[PDB]
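Below is one structure, written out as C-alpha cells, with a few remarks after it.
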Amino acid sequence: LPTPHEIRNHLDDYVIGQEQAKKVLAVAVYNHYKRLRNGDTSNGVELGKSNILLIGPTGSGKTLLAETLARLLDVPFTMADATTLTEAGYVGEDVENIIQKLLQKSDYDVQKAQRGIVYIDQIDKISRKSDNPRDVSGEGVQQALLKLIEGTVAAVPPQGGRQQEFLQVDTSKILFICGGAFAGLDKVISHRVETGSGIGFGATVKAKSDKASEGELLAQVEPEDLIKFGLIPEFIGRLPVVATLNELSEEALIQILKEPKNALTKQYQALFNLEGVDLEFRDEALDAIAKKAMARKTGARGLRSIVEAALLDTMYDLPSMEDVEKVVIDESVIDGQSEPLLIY
Amino acid sequence: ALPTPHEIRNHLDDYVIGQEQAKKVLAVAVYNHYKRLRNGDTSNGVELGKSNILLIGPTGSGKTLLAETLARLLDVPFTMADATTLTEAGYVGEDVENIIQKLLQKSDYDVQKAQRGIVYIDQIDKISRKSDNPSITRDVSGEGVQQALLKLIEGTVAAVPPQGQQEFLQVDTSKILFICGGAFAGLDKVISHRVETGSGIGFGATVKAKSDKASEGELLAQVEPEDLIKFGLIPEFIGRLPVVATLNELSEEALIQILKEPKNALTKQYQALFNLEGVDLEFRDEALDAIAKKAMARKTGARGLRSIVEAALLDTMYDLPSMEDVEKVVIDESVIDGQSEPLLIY
Amino acid sequence: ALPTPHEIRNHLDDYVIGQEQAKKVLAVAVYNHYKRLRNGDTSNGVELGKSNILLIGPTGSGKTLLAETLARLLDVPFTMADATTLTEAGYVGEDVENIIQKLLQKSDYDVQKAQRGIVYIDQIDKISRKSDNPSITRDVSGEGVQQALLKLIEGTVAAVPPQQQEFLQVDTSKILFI
Amino acid sequence: XXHXXXX
Ligand SMILES: Nc1ncnc2c1ncn2[C@@H]1O[C@H](COP(=O)(O)OP(=O)(O)OP(O)(O)=S)[C@@H](O)[C@H]1O
Ligand SMILES: Nc1ncnc2c1ncn2[C@@H]1O[C@H](COP(=O)(O)OP(=O)(O)OP(O)(O)=S)[C@@H](O)[C@H]1O
Ligand SMILES: Nc1ncnc2c1ncn2[C@@H]1O[C@H](COP(=O)(O)OP(=O)(O)OP(O)(O)=S)[C@@H](O)[C@H]1O
C-alpha cells in the first residue's frame with residue numbers, strides 16, 4: 001500500500017524547500033510497514049529497527065511534516081510534547097499517558113493502535129544537563145523514554161475502568177519520530193571539524209564562507225557529536241535514520257507565499273476584502289521580502305514580521321480612508337522608503 | 001459595529017503621550033482581532049493567521065499603562081498575568097496553564113467567550129538566559145518556561161480545573177492573542193557590538209562616545225531578531241512574535257505634557273490631595289520645566305518624577321495641617337531647587 | 001478626626017532622637033495614607049498615586065526601630081518581614097506571597113482590612129545584585145528576587161493560602177511598602 | 001520542593 005513516489009509528491013503539495021528529507025521519510029515509512037507485513041519471518045535475523053530522527057532549524061517544517069503526514073496516512077497519529085514529560089509522574093505528566101492519547105485517537109483499538117505513528121516535538125528539551133543537580137526533566141525522562149523506545153509492553157487501563165486490569169499493548173511495532181530544533185549543535189560539529197586557520201601563504205583562510213554551514217554541516221553530523229550535546233548514546237543507536245534540512249532559499253520563500261492556501265498574501269488580502277478594498281502585490285515586492293527574511297535568519301515563522309510592519313501604517317488609516325477601490329504595493333514599500341499608493 | 005483605529009487611539013491619547021509608534025501597533029492588532037472575530041470562521045482565505053506583539057521600551061516608558069487602559073475600552077475579556085511565577089516542568093509555584101484558569105474569572109467560565117480573549121504578560125525579559133546559548137543547570141525560568149510557552153502561542157489545548165466528577169475542560173489557544181513585553185536590561189551593549197563596528201585604537205578608528213553615540217532610542221530602533229539570540233532568547237520563542245514595537249525615552253517636552261494633559265497626571269493628583277484639605281495648589285509653568293530636567297538626569301523614567309515632587313513639597317506638607325486660614329499655595333521654580341520656600345496665600 | 005504630622009512626630013520623638021529629616025518622610029506617608037483610602041470611589045481626582053519609602057542609614061542607627069515604634073501607634077495592620085528568607089520561582093525558600101500571608105494573621109484574614117495596611121521590609125541590600133557584571137548565570141536570591149517584587153508594589157492579586165483548596169485574592173495596589 | 005546547585 002505505501003508508495004514512495006506518490007508520498008513524495010503528496011508532501012510537496014504541502015511542503016517546499018526540502019527535497020532530500022522527503023526521500024528519507026518515504027524509505028523509513030515504507031520499510032517500517034513492510035517489516036510488520038512479515039514480522040521476523042525472513043531469513044535475516046536481528047533486523048535493524050526502523051526509526052526517524054528529524055533535525056532542522058526553526059521554521060523548517062518539522063511540525064508541518066507531522067501534520068501533513070497524519071492527514072495523508074490512514075493510521076491514527078499523535079502530537080505530543082517533551083516539555084510536559086516528567087519522570088516518576090510527580091505533578092507534570094507520565095510517559096504512559098502518551099499511549100492513552102493514542103488509544104483515544106484509535107478508539108481503544110489495540111490492533112489498530114500498534115500500527116500507529118508517534119511524533120515528539122522539542123526532542124532537545126530532554127537533553128541531559130545535570131552538571132549541577134533531583135532532575136525531573138533530564139536523565140529521568142530520557143531513561144524512561146529509552147525503555148519505551150526499546151520495545152516493551154506497558155500497562156494501560158482501557159477506558160479508565162468502571163476491574164483492576166490493564167492491557168499489555170506492544171511497543172516495538174509502533175513507530176516513533178523524534179524531532180526538534182537543535183541549538184548549539186552546529187557549534188559542536190564545527191568545533192570537531194574546522195580544517196582552517198592557516199597563516200601560510202599557501203594556506204587559505206575562510207572567515208565569511210563556512211562551507212554551507214546551515215546545510216552541509218548538518219549532512220556531516222555524527223552520533224558522537226550528539227553525545228557531547230547531552231543525549232544518551234543508546235538512544236541515538238536506536239535511530240539509524242536522520243533527516244537533515246537546509247535553510248530555506250529565497251526562491252522557496254516566494255513559492256510559500258503564492259502556492260499554499262495559508263499564504264500571508266491570501267489571508268491578508270482576504271481580510272482586506274472583508275473591509276471592501278482589494279490588495280495587490282507585485283513580483284518585485286516578493287523577491288525583496290525574501291532577501292529581508294533570510295537576513296533575519298528566523299525561518300518562515302519570522303516572515304510575517306516584514307509583511308506586517310510594512311503594512312502597519314496602511315492598515316492603521318485604511319478604515320478612515322474612503323473611495324479606495326484597490327491597493328497597489330511596490331517593491332519600495334517593503335524597504336519602507338516610499339509609502340504605498342492607493343487606487344481610487 | 002467595531003471600534004476604528006483612529007477612535008481607539010483618541011481614547012489612548014488621554015492616558016498616553018509621546019508613543020505614537022506604539023499606539024498604531026496595538027490598534028492594528030485589536031482591529032485584526034475584531035475582524036477575525038467578526039466572521040464565523042468564513043473567509044476568502046482559510047487558516048487566518050495570528051500575530052503576536054512584542055512590546056519593548058525603556059524603563060517607565062508606559063508599557064504597563066497600555067495594558068491597563070486597553071482592558072477598560074476592550075469589550076472582550078482581558079487578563080494581566082506575569083512571567084515571574086511561571087514554573088516549567090511542574091515545579092512548586094504557578095504554571096503556564098494558570099494563565100488560562102485566570103482568564104475564566106474575568107470571563108465567568110465561558111469557553112466560547114474565553115477563546116476570543118486577549119492576554120498580556122510582563123517581565124518577559126527576565127526569563128531569558130544570561131547571554132549563554134547552552135544552559136548548564138537547566139534554568140527553570142531560562143531554558144524552561146520560554147520553551148513551555150511555545151506550545152501555548154503555537155496553538156494547543158490544555159486541561160484546566162473547572163472549580164476550586166473532578167473532570168477537566170479543553171480550550172484552544174490558536175485564536176487567542178498574547179502581548180509579551182518587558183524592559184530589557186543590557187540590550188544596548190549587545191546592539192552596540194553588532195552595529196558600531198568602530199572599536200579599537202588608532203588615528204582612523206571611529207571612537208566617539210558619551211556625546212552622540214550610544215543613544216538608547218536609536219539603538220533599540222535598529223534591533224533585529226538575530227540580536228536577541230546573543231541576549232539569551234531562543235529563536236523559536238522569537239518566531240512566535242513577529243511584530244515588534246520599539247518605544248523611545250521620554251523627551252523634555254513629553255514630560256511637560258504628561259504633567260498636565262493626562263487624566264491622572266501627577267500634578268492633578270496632588271491638587272486633588274490638597275483640594276480636600278481646603279487649600280488650592282497651582283504650579284507656575286516656569287517651575288514645571290525645571291522638574292522635567294531633573295527627571296532625565298535620574299534616568300528612572302516617569303515613575304521617578306514622584307521623587308522630585310515629594311522632596312520639593314515635603315516640608316510644606318508637614319506644616320500645612322498645623323497652619324490655618326490658607327486658601328492658595330503657589331510653587332516657584334526656586335522651590336524645586338530647595339533654596340527657597342513656596343509662598344502661601346491667606 | 002485624624003492625627004497630624006506634628007502629633008505623630010512628637011510620639012516618635014519619645015522613642016527616636018537626633019533624626020529630623022527621617023521623621024518628616026514617615027509622617028507625610030502615614031498622614032497621606034489615610035487621605036488616599038478615604039478619598040476612594042468617586043473622588044474628583046481619579047487614579048490617586050502612590051509613593052513608597054526607601055530608608056538608608058548606617059548600622060545600628062535606628063532603621064529597624066522606626067518600624068517597630070510605628071506599629072504601636074498605627075491602628076491599621078503592620079508587619080515586619082525580611083528579604084533574606086525569600087527566593088523566586090517557587091524555590092525551597094519562602095516565596096514572595098509569604099509576606100502577604102503574614103499580614104492576614106494580624107488582620108484576622110480580613111481582605112478588605114488588609115489592602116489598607118502597611119508593609120515594611122528590612123535588610124533590602126541583601127537581595128541587591130553583588131556586582132554581577134558578568135552574565136555567568138542567574139542568581140536564586142538576588143536579581144531574580146527584585147524582578148518578582150516589581151509586580152507586587154504596583155498591585156496584582158497573586159495568592160492567599162487559607163487556614164479547602166481555594167485561595168483568596170488580595171489587592172496590593174494601595175498597600176504601602178517601606 | 002525545587003533544586004539548588006551552584007558554586
Ligand atoms: N517548510 C515550510 N514550508 C512552508 N511553510 C512553512 C515551512 N515551515 C514553516 N512554515 C510556515 O510556518 C508555519 C509554522 O511552521 P512550523 O512547522 O510550526 O515551524 P517549526 O519550526 O517546524 O515548529 P517547531 O520548531 O517544530 S516547534 C506553517 O504554518 C507555515 O505557514
Ligand atoms: N507615555 C506616558 N504618558 C503618561 N504617563 C506615563 C507614560 N509612560 C509612563 N507614564 C507614567 O508612568 C507610570 C508607570 O508606567 P508603566 O507602564 O509602568 O511604564 P513601564 O515601561 O511599564 O515600566 P515597567 O515596564 O513596569 S519597568 C504610569 O502610571 C504613568 O504615571
Ligand atoms: N535614634 C535613636 N535613638 C535611640 N536609640 C536608638 C536610635 N537609633 C538606634 N537606637 C538603638 O539601636 C537599637 C537598634 O536599632 P536598629 O533600628 O536596629 O538600627 P539599625 O540601623 O536598623 O540596625 P540594622 O537595620 O539591623 S543594620 C535600638 O533598639 C536602640 O536601642
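Following the order of the C-alpha cells, first chain is A, next is B, and so on, with residues numbered from 1 inside each chain and ligands from 1 in the order they appear.
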
Neighbours of chain D in chain A at 8 Å, counting only C-alpha atoms, as a PyMOL selection string
chain A and resi 132-134

Can you write just those residues out, N, CA, C and O atoms, as an mmCIF file, in the first residue's frame?
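part_33.cif, freshly written:
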data_model
loop_
_atom_site.group_PDB
_atom_site.id
_atom_site.type_symbol
_atom_site.label_atom_id
_atom_site.label_comp_id
_atom_site.auth_asym_id
_atom_site.auth_seq_id
_atom_site.Cartn_x
_atom_site.Cartn_y
_atom_site.Cartn_z
ATOM 1 N N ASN A 132 24.887 20.597 37.608
ATOM 2 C CA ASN A 132 24.607 20.993 38.983
ATOM 3 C C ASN A 132 23.252 20.424 39.382
ATOM 4 O O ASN A 132 22.213 21.053 39.124
ATOM 5 N N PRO A 133 23.198 19.244 40.015
ATOM 6 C CA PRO A 133 21.931 18.642 40.442
ATOM 7 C C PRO A 133 21.531 19.052 41.855
ATOM 8 O O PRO A 133 21.557 18.207 42.752
ATOM 9 N N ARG A 134 15.966 16.468 42.789
ATOM 10 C CA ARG A 134 16.643 15.779 41.697
ATOM 11 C C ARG A 134 16.185 16.331 40.351
ATOM 12 O O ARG A 134 15.305 17.189 40.289
#

With 9 Å as the limit and counting only C-alpha atoms, what residues in chain B lie close to chain D? Please list them as a ChimeraX atom specification.
/B:91-92,137

Write a file of the just-selected residues containing N, CA and C atoms, as an mmCIF file, in the first residue's frame.
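Below you can see result.cif, which holds the result:
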data_model
loop_
_atom_site.group_PDB
_atom_site.id
_atom_site.type_symbol
_atom_site.label_atom_id
_atom_site.label_comp_id
_atom_site.auth_asym_id
_atom_site.auth_seq_id
_atom_site.Cartn_x
_atom_site.Cartn_y
_atom_site.Cartn_z
ATOM 1 N N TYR B 91 7.065 22.451 38.631
ATOM 2 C CA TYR B 91 7.723 22.609 39.917
ATOM 3 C C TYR B 91 6.793 23.413 40.824
ATOM 4 N N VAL B 92 7.218 23.635 42.071
ATOM 5 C CA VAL B 92 6.399 24.399 43.003
ATOM 6 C C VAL B 92 6.197 25.809 42.473
ATOM 7 N N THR B 137 22.663 24.385 34.102
ATOM 8 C CA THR B 137 21.918 23.809 35.218
ATOM 9 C C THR B 137 20.406 23.746 34.973
#

Report, in Å with one decimal, the straight-line distance from CA of residue 336 in chain B to atom 20 (P, counted along the ligand's line) of ligand 2.
25.3 Å

Neighbours of ligand 1 at 8 Å or closer, counting only C-alpha atoms and all ligand atoms: which residues, as a JSON list (two decimals) with N, CA and C atoms, in the first residue's frame?
[["chain", "number", "residue", "atom", "x", "y", "z"],
["A", 14, "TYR", "N", 2.21, 20.27, 0.24],
["A", 14, "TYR", "CA", 2.14, 21.00, 1.50],
["A", 14, "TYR", "C", 3.47, 21.52, 2.01],
["A", 15, "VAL", "N", 4.59, 20.97, 1.54],
["A", 15, "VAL", "CA", 5.92, 21.36, 1.99],
["A", 15, "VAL", "C", 6.79, 21.68, 0.78],
["A", 16, "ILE", "N", 7.62, 22.71, 0.91],
["A", 16, "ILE", "CA", 8.51, 23.15, -0.16],
["A", 16, "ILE", "C", 9.86, 23.51, 0.44],
["A", 17, "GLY", "N", 10.92, 23.26, -0.33],
["A", 17, "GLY", "CA", 12.28, 23.59, 0.05],
["A", 17, "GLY", "C", 13.09, 22.47, 0.66],
["A", 18, "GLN", "N", 12.49, 21.30, 0.91],
["A", 18, "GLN", "CA", 13.20, 20.16, 1.49],
["A", 18, "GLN", "C", 12.92, 18.92, 0.64],
["A", 57, "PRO", "N", 16.52, 23.46, 11.28],
["A", 57, "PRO", "CA", 16.41, 24.73, 12.00],
["A", 57, "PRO", "C", 14.97, 25.11, 12.30],
["A", 58, "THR", "N", 14.79, 26.28, 12.91],
["A", 58, "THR", "CA", 13.46, 26.76, 13.24],
["A", 58, "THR", "C", 12.70, 27.13, 11.96],
["A", 59, "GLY", "N", 11.39, 26.92, 12.00],
["A", 59, "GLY", "CA", 10.55, 27.22, 10.85],
["A", 59, "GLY", "C", 10.87, 26.41, 9.62],
["A", 60, "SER", "N", 11.57, 25.29, 9.78],
["A", 60, "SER", "CA", 11.93, 24.43, 8.65],
["A", 60, "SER", "C", 10.81, 23.48, 8.24],
["A", 61, "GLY", "N", 9.76, 23.36, 9.04],
["A", 61, "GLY", "CA", 8.65, 22.48, 8.74],
["A", 61, "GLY", "C", 8.62, 21.19, 9.52],
["A", 62, "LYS", "N", 9.30, 21.12, 10.67],
["A", 62, "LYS", "CA", 9.28, 19.90, 11.46],
["A", 62, "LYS", "C", 7.87, 19.58, 11.93],
["A", 63, "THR", "N", 7.21, 20.56, 12.55],
["A", 63, "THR", "CA", 5.84, 20.37, 12.99],
["A", 63, "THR", "C", 4.89, 20.23, 11.81],
["A", 64, "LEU", "N", 5.25, 20.81, 10.67],
["A", 64, "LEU", "CA", 4.39, 20.73, 9.49],
["A", 64, "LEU", "C", 4.37, 19.33, 8.91],
["A", 65, "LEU", "N", 5.53, 18.66, 8.86],
["A", 65, "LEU", "CA", 5.59, 17.32, 8.30],
["A", 65, "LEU", "C", 4.74, 16.35, 9.12],
["A", 121, "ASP", "N", 7.76, 16.44, 19.73],
["A", 121, "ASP", "CA", 8.37, 17.72, 19.42],
["A", 121, "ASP", "C", 9.35, 18.12, 20.52],
["A", 122, "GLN", "N", 10.26, 19.02, 20.17],
["A", 122, "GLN", "CA", 11.27, 19.55, 21.09],
["A", 122, "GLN", "C", 12.06, 18.43, 21.76],
["A", 179, "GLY", "N", 11.86, 14.56, 16.94],
["A", 179, "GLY", "CA", 12.28, 15.75, 16.22],
["A", 179, "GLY", "C", 12.18, 16.99, 17.07],
["A", 180, "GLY", "N", 13.03, 17.96, 16.75],
["A", 180, "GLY", "CA", 13.07, 19.22, 17.45],
["A", 180, "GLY", "C", 14.25, 20.04, 16.97],
["A", 181, "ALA", "N", 14.22, 21.32, 17.33],
["A", 181, "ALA", "CA", 15.29, 22.23, 16.93],
["A", 181, "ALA", "C", 16.48, 22.07, 17.86],
["A", 248, "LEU", "N", 15.96, 27.63, 4.29],
["A", 248, "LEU", "CA", 15.11, 27.93, 3.15],
["A", 248, "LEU", "C", 15.78, 28.93, 2.22],
["A", 252, "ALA", "N", 12.37, 29.49, -2.55],
["A", 252, "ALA", "CA", 11.37, 28.73, -1.81],
["A", 252, "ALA", "C", 10.40, 29.65, -1.08],
["A", 253, "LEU", "N", 10.92, 30.74, -0.51],
["A", 253, "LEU", "CA", 10.07, 31.68, 0.22],
["A", 253, "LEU", "C", 8.97, 32.24, -0.68],
["A", 256, "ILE", "N", 6.25, 29.82, -1.13],
["A", 256, "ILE", "CA", 5.43, 29.63, 0.07],
["A", 256, "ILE", "C", 4.39, 30.73, 0.21],
["A", 260, "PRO", "N", 0.77, 27.90, -1.39],
["A", 260, "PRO", "CA", -0.09, 27.41, -0.30],
["A", 260, "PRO", "C", -1.38, 28.20, -0.16],
["A", 262, "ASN", "N", -2.59, 28.81, 2.77],
["A", 262, "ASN", "CA", -2.40, 29.53, 4.02],
["A", 262, "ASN", "C", -1.41, 30.67, 3.85],
["A", 263, "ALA", "N", -1.19, 31.09, 2.60],
["A", 263, "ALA", "CA", -0.25, 32.16, 2.30],
["A", 263, "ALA", "C", -0.65, 33.46, 2.97],
["A", 299, "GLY", "N", 13.52, 31.93, 9.75],
["A", 299, "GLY", "CA", 12.70, 30.96, 9.07],
["A", 299, "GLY", "C", 11.41, 31.58, 8.57],
["A", 300, "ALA", "N", 10.51, 30.70, 8.13],
["A", 300, "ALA", "CA", 9.22, 31.17, 7.63],
["A", 300, "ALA", "C", 8.39, 31.83, 8.71],
["A", 301, "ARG", "N", 8.52, 31.36, 9.96],
["A", 301, "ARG", "CA", 7.74, 31.93, 11.06],
["A", 301, "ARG", "C", 8.00, 33.42, 11.25],
["B", 150, "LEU", "N", 6.01, 28.15, 24.29],
["B", 150, "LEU", "CA", 5.92, 27.91, 22.85],
["B", 150, "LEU", "C", 4.65, 27.16, 22.46],
["B", 151, "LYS", "N", 4.28, 26.14, 23.23],
["B", 151, "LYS", "CA", 3.10, 25.35, 22.91],
["B", 151, "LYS", "C", 1.83, 26.19, 22.95],
["B", 154, "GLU", "N", 1.81, 28.68, 19.91],
["B", 154, "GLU", "CA", 1.65, 27.93, 18.66],
["B", 154, "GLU", "C", 0.21, 27.51, 18.46],
["B", 236, "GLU", "N", 13.04, 30.09, 18.57],
["B", 236, "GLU", "CA", 11.68, 29.59, 18.48],
["B", 236, "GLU", "C", 10.70, 30.54, 19.14]]

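Among the residues of chain C, backbone DSSP assigns strand (DSSP E) to residues 80, 81, 82, 118, 119, 120, 121, 122, 176 and 177 of chain C.
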
I need the contact residues of chain C against chain B, so if you could list those with any atom within 7 Å, counting only C-alpha atoms, and return them as a compact mmCIF listing (two decimals) with C-alpha atoms, in the first residue's frame, that would help.
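Below you can see selection.txt, which holds the result:
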# COMPACT_ATOMS: atom_id res chain seq x y z
CA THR C 4 -1.26 65.30 62.33
CA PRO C 5 2.45 65.34 61.39
CA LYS C 24 9.26 64.02 58.23
CA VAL C 28 3.85 62.54 55.44
CA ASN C 44 -12.74 64.20 41.90
CA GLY C 45 -9.11 63.28 41.22
CA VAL C 46 -9.38 59.68 39.99
CA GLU C 47 -6.45 57.24 39.96
CA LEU C 48 -4.58 58.53 43.01
CA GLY C 49 -0.85 57.90 43.00
CA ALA C 89 10.32 30.93 41.05
CA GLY C 90 8.98 28.88 43.97
CA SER C 135 26.33 37.15 32.98
CA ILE C 136 27.65 33.76 34.09
CA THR C 137 24.25 32.59 35.41
CA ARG C 138 21.10 33.76 37.20
CA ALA C 148 9.26 39.28 41.41
CA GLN C 165 -8.15 24.22 48.37
CA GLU C 166 -9.48 27.60 47.11

Selection as a PyMOL selection string: residues within 8 Å of ligand 3 by only C-alpha atoms and all ligand atoms:
chain C and resi 15-19+57-67+122-123

Write down, as a ChimeraX atom specification, each residue of chain B that has any atom within 8 Å of an atom of chain A, counting only C-alpha atoms.
/B:4-6,24-25,27-28,35,43-49,88-91,133-138,147-148,224-226,235-236,238-244

Could you take the residues named above and write them with N, CA and C atoms, as a short mmCIF file (atom, residue, chain, number, x, y, z; two decimals), in the first residue's frame?
data_model
loop_
_atom_site.label_atom_id
_atom_site.label_comp_id
_atom_site.auth_asym_id
_atom_site.auth_seq_id
_atom_site.Cartn_x
_atom_site.Cartn_y
_atom_site.Cartn_z
N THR B 4 -12.86 51.85 15.52
CA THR B 4 -11.90 52.13 14.47
C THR B 4 -10.54 52.45 15.07
N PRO B 5 -9.45 52.31 14.30
CA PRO B 5 -8.12 52.62 14.86
C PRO B 5 -7.98 54.05 15.34
N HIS B 6 -8.55 55.00 14.60
CA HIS B 6 -8.48 56.41 14.99
C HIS B 6 -9.27 56.67 16.26
N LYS B 24 -0.13 52.81 17.20
CA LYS B 24 -0.57 52.27 15.92
C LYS B 24 -0.43 50.75 15.88
N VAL B 25 0.58 50.21 16.55
CA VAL B 25 0.80 48.76 16.53
C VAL B 25 -0.32 48.05 17.27
N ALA B 27 -3.24 49.19 17.79
CA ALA B 27 -4.50 49.44 17.11
C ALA B 27 -4.76 48.43 16.00
N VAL B 28 -3.74 48.11 15.21
CA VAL B 28 -3.94 47.16 14.12
C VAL B 28 -4.24 45.77 14.65
N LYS B 35 -11.77 41.85 13.55
CA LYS B 35 -12.10 41.38 12.21
C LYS B 35 -12.06 39.86 12.16
N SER B 43 -14.19 32.92 5.38
CA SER B 43 -13.39 33.95 4.74
C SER B 43 -12.92 33.44 3.39
N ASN B 44 -12.47 34.38 2.55
CA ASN B 44 -11.94 34.00 1.25
C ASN B 44 -10.69 33.16 1.42
N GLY B 45 -9.84 33.53 2.37
CA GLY B 45 -8.63 32.80 2.69
C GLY B 45 -8.81 32.06 4.00
N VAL B 46 -8.64 30.74 3.94
CA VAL B 46 -8.81 29.88 5.11
C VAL B 46 -7.52 29.92 5.93
N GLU B 47 -7.58 29.43 7.17
CA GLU B 47 -6.44 29.40 8.08
C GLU B 47 -5.91 30.80 8.38
N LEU B 48 -6.81 31.67 8.86
CA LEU B 48 -6.43 33.03 9.23
C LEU B 48 -5.27 33.02 10.21
N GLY B 49 -4.26 33.86 9.94
CA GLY B 49 -3.09 33.90 10.78
C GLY B 49 -3.27 34.70 12.06
N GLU B 88 8.09 25.95 34.81
CA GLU B 88 8.19 24.93 33.78
C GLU B 88 8.53 23.57 34.39
N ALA B 89 7.96 22.52 33.80
CA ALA B 89 8.16 21.13 34.22
C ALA B 89 7.47 20.83 35.55
N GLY B 90 6.38 21.54 35.83
CA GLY B 90 5.60 21.35 37.03
C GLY B 90 6.33 21.38 38.35
N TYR B 91 7.06 22.45 38.63
CA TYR B 91 7.72 22.61 39.92
C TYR B 91 6.79 23.41 40.82
N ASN B 133 23.94 30.50 25.14
CA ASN B 133 23.03 29.63 24.39
C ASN B 133 22.82 28.30 25.11
N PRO B 134 23.86 27.56 25.53
CA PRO B 134 23.61 26.30 26.25
C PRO B 134 23.44 26.53 27.75
N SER B 135 22.37 26.01 28.34
CA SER B 135 22.14 26.16 29.77
C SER B 135 22.83 25.02 30.51
N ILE B 136 23.57 25.37 31.56
CA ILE B 136 24.34 24.38 32.30
C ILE B 136 23.50 23.66 33.35
N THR B 137 22.66 24.38 34.10
CA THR B 137 21.92 23.81 35.22
C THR B 137 20.41 23.75 34.97
N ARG B 138 19.98 23.67 33.71
CA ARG B 138 18.56 23.55 33.37
C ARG B 138 17.70 24.62 34.05
N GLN B 147 10.45 27.70 26.75
CA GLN B 147 10.04 26.58 25.92
C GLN B 147 8.58 26.21 26.18
N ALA B 148 8.20 26.15 27.46
CA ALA B 148 6.83 25.81 27.84
C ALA B 148 5.81 26.72 27.17
N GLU B 224 16.98 43.69 15.76
CA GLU B 224 16.56 42.65 14.84
C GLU B 224 16.43 41.35 15.61
N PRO B 225 15.77 40.32 15.06
CA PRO B 225 15.65 39.06 15.80
C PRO B 225 16.99 38.38 16.06
N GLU B 226 17.95 38.52 15.14
CA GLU B 226 19.26 37.91 15.33
C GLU B 226 19.97 38.49 16.55
N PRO B 235 15.43 31.26 19.45
CA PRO B 235 14.81 31.74 18.21
C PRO B 235 13.38 31.28 18.05
N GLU B 236 13.04 30.09 18.57
CA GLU B 236 11.68 29.59 18.48
C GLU B 236 10.70 30.54 19.14
N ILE B 238 11.11 33.75 19.62
CA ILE B 238 11.04 34.99 18.86
C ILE B 238 10.23 34.78 17.59
N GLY B 239 10.26 33.57 17.03
CA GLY B 239 9.49 33.30 15.82
C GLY B 239 8.00 33.45 16.03
N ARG B 240 7.51 33.11 17.22
CA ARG B 240 6.09 33.24 17.51
C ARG B 240 5.65 34.68 17.70
N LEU B 241 6.59 35.63 17.81
CA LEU B 241 6.30 37.05 18.00
C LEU B 241 6.90 37.82 16.83
N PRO B 242 6.23 37.85 15.68
CA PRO B 242 6.81 38.59 14.55
C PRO B 242 6.81 40.09 14.75
N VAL B 243 5.72 40.65 15.27
CA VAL B 243 5.63 42.09 15.45
C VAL B 243 6.52 42.52 16.61
N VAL B 244 7.12 43.70 16.46
CA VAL B 244 8.00 44.28 17.47
C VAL B 244 7.72 45.78 17.52
#

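Based on only C-alpha atoms and all ligand atoms, the protein and nucleic acid residues found within 6 Å of ligand 2 are, by chain and then by number, residues 16, 17, 18, 59, 60, 61, 62, 63, 64, 65, 182, 183, 258, 302 and 303 of chain B.
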
Those selected residues, please, written with N, CA and C atoms and delivered as a CSV table (one decimal), in the first residue's frame.
chain,number,residue,atom,x,y,z
B,16,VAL,N,-2.1,58.3,27.4
B,16,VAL,CA,-0.7,58.0,27.0
B,16,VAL,C,-0.3,59.2,26.1
B,17,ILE,N,1.0,59.6,26.1
B,17,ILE,CA,1.5,60.6,25.3
B,17,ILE,C,2.9,60.3,24.8
B,18,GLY,N,3.3,60.8,23.7
B,18,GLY,CA,4.6,60.6,23.1
B,18,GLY,C,4.9,59.2,22.7
B,59,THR,N,12.7,51.9,30.7
B,59,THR,CA,12.1,51.8,32.0
B,59,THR,C,11.1,52.9,32.2
B,60,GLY,N,9.9,52.6,32.7
B,60,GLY,CA,8.9,53.6,32.9
B,60,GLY,C,8.4,54.3,31.7
B,61,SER,N,8.5,53.7,30.5
B,61,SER,CA,8.1,54.3,29.3
B,61,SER,C,6.5,54.3,29.1
B,62,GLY,N,5.8,53.4,29.7
B,62,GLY,CA,4.4,53.3,29.7
B,62,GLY,C,3.9,52.0,29.1
B,63,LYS,N,4.7,51.0,29.3
B,63,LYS,CA,4.2,49.7,28.8
B,63,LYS,C,3.1,49.1,29.7
B,64,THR,N,3.3,49.1,31.0
B,64,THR,CA,2.3,48.6,31.9
B,64,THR,C,1.0,49.4,31.8
B,65,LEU,N,1.1,50.7,31.5
B,65,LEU,CA,0.0,51.6,31.4
B,65,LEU,C,-0.9,51.2,30.2
B,182,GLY,N,8.6,43.4,28.0
B,182,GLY,CA,9.3,43.8,29.2
B,182,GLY,C,10.5,44.6,28.8
B,183,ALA,N,10.8,45.5,29.7
B,183,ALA,CA,12.0,46.4,29.5
B,183,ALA,C,13.3,45.6,29.7
B,258,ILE,N,2.9,65.3,29.9
B,258,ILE,CA,2.4,64.3,30.8
B,258,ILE,C,2.1,64.9,32.2
B,302,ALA,N,9.4,58.0,34.0
B,302,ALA,CA,8.3,58.8,34.5
B,302,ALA,C,8.0,58.5,36.0
B,303,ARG,N,8.2,57.2,36.4
B,303,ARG,CA,7.9,56.8,37.7
B,303,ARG,C,8.8,57.6,38.7

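Within 12 Å of residue 48 in chain A, once only C-alpha atoms are used and residues closer than 6 positions along the same chain are dropped, the contacting residues are residues 28, 31, 32, 35, 40, 150, 172, 237, 238, 239, 240 and 241 of chain A.
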
Store the residues of this selection in a file with C-alpha atoms, as a compact mmCIF listing (two decimals), in the first residue's frame.
# COMPACT_ATOMS: atom_id res chain seq x y z
CA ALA A 28 11.78 4.57 6.53
CA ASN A 31 10.39 -0.16 5.35
CA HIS A 32 8.73 0.04 8.78
CA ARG A 35 8.58 -5.20 8.22
CA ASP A 40 10.60 -11.68 11.76
CA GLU A 150 13.43 -0.24 23.13
CA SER A 172 8.17 -2.44 19.16
CA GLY A 237 21.79 3.95 18.46
CA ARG A 238 18.10 3.07 18.15
CA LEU A 239 17.59 5.66 15.35
CA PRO A 240 19.74 4.85 12.29
CA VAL A 241 17.76 7.35 10.15
